[PDB]
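The structure appears right after this line, and notes come after that.
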Amino acid sequence: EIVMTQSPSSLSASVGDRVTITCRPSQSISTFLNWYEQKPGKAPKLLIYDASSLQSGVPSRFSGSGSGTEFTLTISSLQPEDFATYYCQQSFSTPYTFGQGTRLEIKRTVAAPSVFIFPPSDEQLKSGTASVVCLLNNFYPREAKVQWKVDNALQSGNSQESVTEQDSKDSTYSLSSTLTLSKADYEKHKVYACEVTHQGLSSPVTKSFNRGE
Amino acid sequence: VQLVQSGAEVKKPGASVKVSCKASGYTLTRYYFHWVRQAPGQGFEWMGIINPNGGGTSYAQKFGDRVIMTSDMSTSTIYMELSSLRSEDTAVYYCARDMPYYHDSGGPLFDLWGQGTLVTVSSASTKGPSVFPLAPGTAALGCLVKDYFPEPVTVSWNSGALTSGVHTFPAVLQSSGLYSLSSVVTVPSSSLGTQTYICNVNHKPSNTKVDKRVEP
């Protein structure tokens with residue numbers, strides 16, 4: 001089965017940039033390579049076929065090049081509607097396979113998260129489990145590490161994280177992390193801390209509470 | 001022309017699902033069609049190809065024993081039926097039209113795609129959320145919308161009057177098989193004593209609506 005490797009996996013870019021993304025199949029595929037665009041929640045759209053031919057209706061700024069095992073897609077100057085994920089797909093042999101996508105996101109200045117911590121509500125505690133929530137609001141770039149501590153014990157395996165789409169107005173991200181504990185464990189321990197590391201911070205920021213205050 | 005697929009489906013492991021894709025008379029007679037699926041946050045997996053004229057098919061080895069693609073020309077509709085479902089079959093399923101072009105290889109040119117249909121496969125049962133407060137120059141507050149199934153849930157604030165500074169996060173799927181999401185909003189700390197904040201949660205799959213007032 002032909003593996004399609006795209007690079008880079010992600011690229012931060014500005015309106016007007018010239019952007020070139022690459023696709024390398026594990027086997028020669030002549031020129032039988034298509035490129036698609038996909039935005040969140042929508043179906044992919046055909047951009048380029050046969051490595052270099054532009055699908056009708058696609059803006060002239062899109063072009064493609066390549067053969068054998070090296071292919072590129074180039075946007076000669078990015079437009080605001082071009083931030084999306086781009087997929088290559090080989091039509092040389094079954095099963096037909098796709099790359100894992102290159103996502104283009106908007107470059108902007110670094111912005112540190114605002115951090116907030118929320119203890120479990122009394123309502124949830126009455127129902128028998130506890131969720132501690134940590135909010136990282138409006139930061140950039142997307143890379144951020146969230147670390148939970150309970151009585152200075154580092155937690156792993158018992159939290160989940162979720163991240164918003166790049167904001168449409170300020171191009172930041174936000175992140176929610178939820179630490180899950182038994183009600184019994186929550187009441188055995190005192191100090192609950194969320195420690196955030198991010199490039200916009202000179203040193204990690206910790207938000208804490210002590211249970212029952 | 002436009003490829004219109006049927007709506008979202010929720011199924012238990014071991015069941016089967018049948019997704020439709022409505023095209024036109026010209027389209028069914030002039031093109032082959034494929035089905036391609038995309039699991040959440042994942043890439044694409046090709047499933048196979050059908051010739052609506054006579055219904056000849058060819059399936060990916062991974063799905064050969066439990067996918068059946070058929071067409072009904074009287075209704076200009078293509079169908080994909082996937083059997084013996086398991087949770088990893090949770091995905092958005094797409095029908096795609098195949099433009100003739102790749103003569104040498106016989107490969108596809110996915111010219112036109114349906115909008116997709118979400119299929120969730122889980123042993124979980126329908127269940128409305130519990131909504132818990134995330135209680136408070138800027139202050140943050142929110143709602144934890146916990147333990148519901150299936151997707152989706154909508155959250156608004158003050159019946160739509162409060163939109164600035166709102167973030168409703170994508171849900172996470174918990175070990176239990178139930179989903180959980182948070183919706184937060186940042187507001188001026190000075191408004192906490194005076195301004196009322198309600199999150200409006202609607203989980204149509206269980207016909208559950210909840211308004212939760214969030215206070216310091």
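Each chain in the structure tokens gets a letter, A, B, ..., in the order shown, and its residues are numbered from 1; ligands are numbered from 1 in order too.
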
Report as an MDAnalysis selection string all protein, DNA and RNA residues lying within 10 Å of residue 63 (chain A), evaluated on only C-alpha atoms, omitting residues in the same chain fewer than 5 positions from it. chainID A and resid 20 47:48 51:54 58 72:76

Please provide as a VMD selection string all residues within 10 Å of region 176-187 of chain A, with the sequence filter that same-chain residues fewer than 3 positions apart are discarded (counting only C-alpha atoms). (chain A and resid 115 to 120 124 to 137 146 to 150 155 to 164 190 to 192 194 211 to 212) or (chain B and resid 144 167 to 170 172 174 180 to 184)

Would you mind exporting N, CA and C atoms of the selected residues as a compact mmCIF listing (two decimals), in the first residue's frame?
# COMPACT_ATOMS: atom_id res chain seq x y z
N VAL A 115 -4.74 32.45 32.34
CA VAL A 115 -4.99 31.13 32.93
C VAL A 115 -5.99 31.26 34.07
N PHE A 116 -6.94 30.32 34.14
CA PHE A 116 -7.95 30.30 35.19
C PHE A 116 -8.18 28.86 35.63
N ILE A 117 -8.43 28.64 36.93
CA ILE A 117 -8.71 27.31 37.44
C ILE A 117 -10.08 27.31 38.12
N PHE A 118 -10.81 26.21 37.98
CA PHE A 118 -12.18 26.10 38.48
C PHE A 118 -12.27 24.83 39.31
N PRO A 119 -12.58 24.90 40.60
CA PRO A 119 -12.80 23.69 41.38
C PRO A 119 -14.07 22.99 40.94
N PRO A 120 -14.26 21.72 41.29
CA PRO A 120 -15.55 21.09 41.03
C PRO A 120 -16.66 21.79 41.80
N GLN A 124 -21.86 18.88 41.27
CA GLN A 124 -21.21 17.68 40.75
C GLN A 124 -20.76 16.76 41.89
N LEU A 125 -20.19 17.34 42.95
CA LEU A 125 -19.71 16.52 44.07
C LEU A 125 -20.83 15.70 44.68
N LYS A 126 -22.04 16.28 44.81
CA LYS A 126 -23.18 15.50 45.30
C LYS A 126 -23.47 14.30 44.43
N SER A 127 -23.15 14.36 43.14
CA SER A 127 -23.44 13.27 42.23
C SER A 127 -22.31 12.23 42.14
N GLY A 128 -21.19 12.45 42.84
CA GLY A 128 -20.19 11.41 43.05
C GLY A 128 -18.91 11.43 42.22
N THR A 129 -18.69 12.41 41.34
CA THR A 129 -17.36 12.57 40.77
C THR A 129 -16.96 14.04 40.79
N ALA A 130 -15.69 14.31 40.51
CA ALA A 130 -15.14 15.65 40.56
C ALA A 130 -14.39 15.93 39.27
N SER A 131 -14.63 17.10 38.70
CA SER A 131 -13.89 17.60 37.55
C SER A 131 -13.25 18.92 37.95
N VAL A 132 -11.92 19.00 37.83
CA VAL A 132 -11.20 20.27 37.94
C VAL A 132 -10.86 20.74 36.54
N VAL A 133 -11.14 22.02 36.25
CA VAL A 133 -11.01 22.56 34.89
C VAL A 133 -9.98 23.68 34.91
N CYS A 134 -9.08 23.66 33.92
CA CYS A 134 -8.09 24.71 33.72
C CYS A 134 -8.30 25.32 32.34
N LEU A 135 -8.39 26.64 32.29
CA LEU A 135 -8.67 27.38 31.07
C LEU A 135 -7.43 28.19 30.70
N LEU A 136 -6.98 28.04 29.45
CA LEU A 136 -5.92 28.87 28.88
C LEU A 136 -6.57 29.68 27.77
N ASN A 137 -6.68 30.99 27.98
CA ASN A 137 -7.47 31.84 27.11
C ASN A 137 -6.59 32.69 26.20
N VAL A 146 0.10 21.95 29.69
CA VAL A 146 -0.72 22.12 30.89
C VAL A 146 -0.31 21.04 31.88
N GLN A 147 0.08 21.42 33.10
CA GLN A 147 0.35 20.32 34.01
C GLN A 147 -0.40 20.44 35.33
N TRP A 148 -1.05 19.37 35.71
CA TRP A 148 -1.82 19.25 36.93
C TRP A 148 -1.00 18.73 38.11
N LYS A 149 -1.24 19.30 39.28
CA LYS A 149 -0.63 18.72 40.47
C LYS A 149 -1.67 18.66 41.58
N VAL A 150 -1.64 17.58 42.34
CA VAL A 150 -2.52 17.43 43.49
C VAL A 150 -1.62 17.14 44.68
N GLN A 155 0.29 14.71 37.99
CA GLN A 155 -0.75 13.83 37.46
C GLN A 155 -0.53 13.57 35.97
N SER A 156 -0.70 12.32 35.57
CA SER A 156 -0.77 12.01 34.15
C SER A 156 -1.68 10.82 33.96
N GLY A 157 -2.37 10.80 32.82
CA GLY A 157 -3.32 9.77 32.50
C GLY A 157 -4.75 10.06 32.91
N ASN A 158 -4.98 11.08 33.74
CA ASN A 158 -6.32 11.34 34.25
C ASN A 158 -6.83 12.73 33.88
N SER A 159 -6.34 13.29 32.78
CA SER A 159 -6.86 14.55 32.27
C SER A 159 -7.08 14.45 30.76
N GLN A 160 -7.98 15.29 30.24
CA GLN A 160 -8.16 15.43 28.80
C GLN A 160 -8.17 16.92 28.45
N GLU A 161 -7.74 17.22 27.23
CA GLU A 161 -7.53 18.58 26.72
C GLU A 161 -8.35 18.77 25.46
N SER A 162 -8.81 20.00 25.23
CA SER A 162 -9.53 20.38 24.02
C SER A 162 -9.09 21.78 23.62
N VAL A 163 -8.94 22.03 22.31
CA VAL A 163 -8.43 23.31 21.79
C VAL A 163 -9.40 23.87 20.74
N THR A 164 -9.64 25.18 20.79
CA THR A 164 -10.51 25.83 19.82
C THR A 164 -9.81 26.02 18.46
N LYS A 190 -5.73 18.37 49.23
CA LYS A 190 -5.91 19.78 49.58
C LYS A 190 -5.64 20.72 48.42
N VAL A 191 -4.45 20.64 47.84
CA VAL A 191 -3.93 21.66 46.93
C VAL A 191 -4.04 21.15 45.50
N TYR A 192 -4.75 21.90 44.67
CA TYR A 192 -4.99 21.54 43.28
C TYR A 192 -4.40 22.65 42.43
N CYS A 194 -2.81 23.96 38.48
CA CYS A 194 -2.66 23.90 37.03
C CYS A 194 -1.42 24.71 36.67
N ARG A 211 -8.86 23.00 48.49
CA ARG A 211 -10.23 22.55 48.61
C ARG A 211 -10.87 23.12 49.87
N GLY A 212 -12.03 23.75 49.70
CA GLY A 212 -12.82 24.22 50.83
C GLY A 212 -12.42 25.60 51.33
N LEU B 144 -19.84 23.49 32.62
CA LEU B 144 -19.33 22.17 32.28
C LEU B 144 -20.53 21.31 31.90
N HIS B 167 -15.91 31.05 24.44
CA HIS B 167 -15.28 29.90 23.82
C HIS B 167 -16.01 28.63 24.24
N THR B 168 -16.61 27.95 23.28
CA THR B 168 -17.20 26.63 23.50
C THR B 168 -16.25 25.61 22.87
N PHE B 169 -15.64 24.76 23.71
CA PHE B 169 -14.59 23.85 23.30
C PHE B 169 -15.17 22.59 22.65
N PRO B 170 -14.43 21.97 21.72
CA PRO B 170 -14.83 20.65 21.22
C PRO B 170 -14.95 19.68 22.39
N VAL B 172 -14.78 16.17 24.51
CA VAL B 172 -13.89 15.03 24.65
C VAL B 172 -14.74 13.81 24.99
N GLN B 174 -15.05 10.52 27.02
CA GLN B 174 -14.51 9.98 28.26
C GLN B 174 -14.46 8.45 28.22
N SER B 180 -18.07 15.09 27.11
CA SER B 180 -18.02 16.18 28.07
C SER B 180 -17.42 17.39 27.36
N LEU B 181 -18.04 18.55 27.51
CA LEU B 181 -17.42 19.77 26.99
C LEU B 181 -17.64 20.91 27.97
N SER B 182 -16.81 21.95 27.83
CA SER B 182 -16.94 23.19 28.56
C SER B 182 -17.19 24.34 27.60
N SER B 183 -17.93 25.33 28.08
CA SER B 183 -18.11 26.61 27.41
C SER B 183 -17.77 27.69 28.42
N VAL B 184 -16.92 28.63 28.04
CA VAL B 184 -16.45 29.65 28.97
C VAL B 184 -16.68 31.01 28.34

Enumerate as a PyMOL selection string the residues belonging to chain B that approach chain A to within 9 Å, with only C-alpha atoms taken into account. chain B and resi 42-48+59-61+94+102+104-116+130-136+139-141+144+167-174+181-182+184+186

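With distances restricted to only C-alpha atoms, B:118 is the closest residue to residue 152 (chain B) from B:118, B:96, B:15, B:185.
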
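The neighbours of residue 141 (chain A) here are the residues that come within 9 Å of it, using only C-alpha atoms and leaving out any residue fewer than 6 positions away in the same chain; they are residues 107, 108, 109, 110, 111, 112, 172, 173, 198, 199 and 200 of chain A.
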
Restrict the selected residues to N, CA, C and O atoms and save them as a compact mmCIF listing (two decimals), in the first residue's frame.
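Full text of selection32.txt as output:
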# COMPACT_ATOMS: atom_id res chain seq x y z
N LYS A 107 -0.21 33.34 10.92
CA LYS A 107 0.88 33.82 11.76
C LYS A 107 0.49 35.14 12.42
O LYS A 107 -0.17 35.99 11.82
N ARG A 108 0.84 35.28 13.69
CA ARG A 108 0.64 36.54 14.40
C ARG A 108 1.68 36.63 15.50
O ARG A 108 2.45 35.69 15.72
N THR A 109 1.70 37.77 16.20
CA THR A 109 2.66 37.92 17.27
C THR A 109 2.33 36.97 18.43
O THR A 109 1.17 36.58 18.64
N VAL A 110 3.36 36.63 19.20
CA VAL A 110 3.22 35.78 20.36
C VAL A 110 2.30 36.43 21.39
O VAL A 110 2.29 37.65 21.57
N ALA A 111 1.47 35.61 22.03
CA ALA A 111 0.49 36.09 23.00
C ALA A 111 0.35 35.05 24.10
O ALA A 111 0.00 33.90 23.82
N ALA A 112 0.62 35.46 25.31
CA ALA A 112 0.62 34.54 26.44
C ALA A 112 -0.81 34.23 26.87
O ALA A 112 -1.70 35.08 26.74
N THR A 172 -5.92 33.91 17.86
CA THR A 172 -5.41 33.14 19.00
C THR A 172 -6.14 31.79 19.12
O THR A 172 -7.12 31.50 18.44
N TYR A 173 -5.60 30.96 20.00
CA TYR A 173 -6.19 29.69 20.40
C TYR A 173 -6.60 29.77 21.86
O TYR A 173 -6.09 30.61 22.63
N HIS A 198 4.37 28.06 28.29
CA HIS A 198 4.08 28.63 26.99
C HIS A 198 5.12 29.69 26.68
O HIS A 198 5.54 30.44 27.56
N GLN A 199 5.49 29.75 25.41
CA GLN A 199 6.53 30.63 24.90
C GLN A 199 6.30 32.10 25.26
O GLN A 199 7.27 32.85 25.46
N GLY A 200 5.05 32.53 25.36
CA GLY A 200 4.73 33.88 25.77
C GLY A 200 4.94 34.18 27.24
O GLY A 200 4.75 35.33 27.65

DSSP-assigned strand (DSSP E) members of chain A, reported as an NGL selection string: :A and (4-7 or 10-13 or 19-25 or 33-38 or 45-49 or 53-54 or 62-67 or 70-75 or 85-90 or 97-98 or 102-106 or 114-118 or 129-139 or 145-150 or 153-154 or 159-163 or 173-182 or 191-197 or 205-210)

With a distance cut-off of 8 Å and only C-alpha atoms, select the neighbouring residues of residue 18 (chain B), excluding the residue or stretch itself and same-chain residues fewer than 3 positions from it, and output the selection as a tab-separated table (two decimals) with N, CA, C and O atoms, in the first residue's frame.
chain	number	residue	atom	x	y	z
B	79	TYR	N	-26.02	3.97	-2.48
B	79	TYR	CA	-26.05	3.57	-1.08
B	79	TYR	C	-24.75	2.87	-0.72
B	79	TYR	O	-24.13	2.21	-1.56
B	80	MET	N	-24.35	3.01	0.54
B	80	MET	CA	-23.20	2.29	1.08
B	80	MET	C	-23.68	1.66	2.37
B	80	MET	O	-24.19	2.36	3.25
B	81	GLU	N	-23.60	0.33	2.47
B	81	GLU	CA	-24.03	-0.34	3.69
B	81	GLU	C	-22.83	-1.01	4.33
B	81	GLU	O	-22.16	-1.83	3.70
B	82	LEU	N	-22.55	-0.65	5.57
B	82	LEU	CA	-21.39	-1.16	6.29
B	82	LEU	C	-21.91	-2.02	7.45
B	82	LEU	O	-22.70	-1.54	8.27

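For the pair CA of residue 14 (chain A) and CA of residue 71 (chain A), the separation is 22.9 Å.
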
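Coordinates place CA of residue 32 (chain B) at a distance of 9.5 Å from CA of residue 57 (chain B).
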
Selection: 7 Å around residue 17 (chain A), only C-alpha atoms, excl. self and same-chain fewer than 4 positions, as a PyMOL selection string: chain A and resi 13+77-78

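Our summary of the geometry notes that CA of residue 204 (chain A) is positioned 22.4 Å from CA of residue 171 (chain A).
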
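Using only C-alpha atoms, the nearest neighbour of residue 9 (chain B) within the list B:129, B:205, B:160, B:137 is B:205.
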
Got a sec to tell me which of chain B DSSP assigns to alpha helix (DSSP H), as a PyMOL selection string? chain B and resi 25-30

Same residues, C-alpha atoms, saved as a PDB file, in the first residue's frame:
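Dumped to out.pdb:
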ATOM      1  CA  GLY B  25     -29.938  10.639 -13.594  1.00  0.00           C
ATOM      2  CA  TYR B  26     -27.180  12.040 -15.813  1.00  0.00           C
ATOM      3  CA  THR B  27     -24.631  11.764 -12.996  1.00  0.00           C
ATOM      4  CA  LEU B  28     -25.395   8.133 -12.122  1.00  0.00           C
ATOM      5  CA  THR B  29     -25.243   7.025 -15.754  1.00  0.00           C
ATOM      6  CA  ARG B  30     -22.084   8.962 -16.708  1.00  0.00           C
TER       7      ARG B  30
END

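When only C-alpha atoms are used to measure the gap to residue 166 (chain B), the shortest distance among B:83, B:142, B:76, B:53 belongs to B:142.
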